[PDB]
Amino acid sequence: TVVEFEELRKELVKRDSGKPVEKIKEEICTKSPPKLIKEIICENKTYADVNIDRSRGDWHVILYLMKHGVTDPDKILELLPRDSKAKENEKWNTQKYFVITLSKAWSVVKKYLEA
DNA sequence: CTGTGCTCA
């Protein structure tokens, strides 16, 4: 388990553009992104304004941000979402969930790059 | 130290 996590850690750092997420957010918001991505990231609203499940709200945007052809764990955390389960800081569950979203999202994105 | 999934069924 932990050995395979370190191998994916080097695969995720390889996919990093080296740029801060605040620039990637503008490169996506200027391209009229999908309705869910546009109203949550490209607008001042949040998951509370669309009443979407917080578990899915994080997962839907993490899939699309990584599908942009670039990935890095720090992008998801520096996006500073207001209702994400990765930032509740109430317990260690936020750290275990943060690895789950990046692990499963990259499995799908890598499958779409390896074709 | 303790869960959390995809678009389109």
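Reading the values: rules and limits
Residues numbered from 1 in each chain as written, not as in the entry; some residues may be left out. Chains lettered and ligands numbered in written order. Heavy atoms only, no water. Helix = DSSP H or I, 4+ residues; strand = E, 2+ residues; numbered from the N terminus. Rg over C-alpha atoms; globule rule 2.2 N^0.38 Å. Buried < 20%, exposed > 50% of the residue type's maximum accessible area, 1.4 Å probe, protein only. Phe/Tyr/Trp six-rings, centres within 6.5 Å; stacked < 30°, edge-to-face > 60°. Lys NZ or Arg CZ within 6 Å of the ring centre and 35° of its normal. Axes fitted to C-alpha atoms, helices over the stretch in contact; angles between N-to-C directions. Parallel < 35°, antiparallel > 145°, perpendicular 65-115°, else oblique. Left-handed = near helix turned anticlockwise from the far one by under 90°. Contact = heavy atoms within 4.5 Å. Nonpolar A, V, L, I, M, F, W, Y, C, P; charged D, E, K, R; others polar. Disulfide = S-S within 2.5 Å. Salt bridge = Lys/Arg side-chain N within 4 Å of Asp/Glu carboxyl O. Core = buried A, V, L, I, M, F, W, Y, C linked by side-chain atoms within 4.5 Å.

The deposited coordinates derive from solution NMR.

A.B. asks: Mind laying out the overall build of chain A, listing which residues take part and the relevant values?
C.D. replies: When helices and strands are tallied, chain A shows seven helices and zero strands. The C-alpha radius of gyration of chain A comes to 14 Å, within 12% of the 13 Å expected for a compact globule of 115 residues. Counting only C-alpha atoms and orienting by the principal axes, one finds that chain A spans roughly 40 × 35 × 25 Å. Put simply, chain A has 115 residues, and 33% of those count as buried.

A.B. asks: Describe in detail the packing of aromatic side chains, supporting the description with residues and values.
C.D. replies: Under the defined criterion, the tally for this structure stands at zero aromatic pairs. In this structure, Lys67 packs its charged tip against the face of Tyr112, placed 5.9 Å from the ring centre.

A.B. asks: Got a sec to walk through the packing of helix α5 (residues 54-67) against helix α7 (residues 93-113)? Specific residues and values, please.
C.D. replies: At a minimum axis separation of 9 Å, α5 and α7 run at an interaxial angle of 45 degrees. The angle between α5 and α7 places the two elements in the oblique class. Considering the relative orientation of α5 and α7, their crossing is right-handed. Only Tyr97, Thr101, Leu102, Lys104, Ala105, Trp106, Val108 and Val109 of α7 make contact with α5, whose side of the interface consists of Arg54, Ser55, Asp58, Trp59, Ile62, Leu63, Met66 and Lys67. Broken down by class, the residue content of the contact of α5 with α7 amounts to ten nonpolar, two polar and four charged.

A.B. asks: How would you explain the state of the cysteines if you had to name every residue and give the values?
C.D. replies: Tallied over the entire structure, the rule returns one disulfide. Two residues, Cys29 and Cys42, share a disulfide whose sulfurs are 2.0 Å apart. Note on the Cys29 and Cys42 pair: the S-S dihedral is about 70 degrees, so by sign convention the disulfide is right-handed. You can see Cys29 sitting in helix α2 (residues 21-29) and its partner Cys42 sitting in the loop between α3 (35-40) and α4 (47-50), a full 13 residues away along the chain.

A.B. asks: Help me get a handle on the side chain of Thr94, residues and values and all.
C.D. replies: Relative to the assigned elements, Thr94 resides in helix α7. The exposure class assigned to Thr94 is buried, which follows from its relative accessible area of 8%. Setting aside residues up to four positions removed in sequence, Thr94 forms contacts with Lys85, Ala86, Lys87, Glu88 and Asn89.

A.B. asks: Let's hear about the pattern of salt bridges: which residues, and what values?
C.D. replies: Tallied over the entire structure, the rule returns eleven salt bridges. Residue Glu43 pairs with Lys38 through a salt bridge whose shortest N-O separation is 2.7 Å. On the basis of relative accessibility, which here comes to 28%, the residue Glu43 falls in the partly exposed class. Connected through salt bridges with shared partners, the residues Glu11, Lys14, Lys110 and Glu114 form a single ionic network.

A.B. asks: Can you explain the nonpolar core? Please cite residues and give values.
C.D. replies: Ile41, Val61, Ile62 and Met66 are the most contacted members of the largest nonpolar core, which totals 22 residues. Those elements that provide at least two residues to this core are α2, α3, α5 and α7. Apart from residues lying up to four places away in sequence, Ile62 is in contact with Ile76, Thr101 and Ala105.

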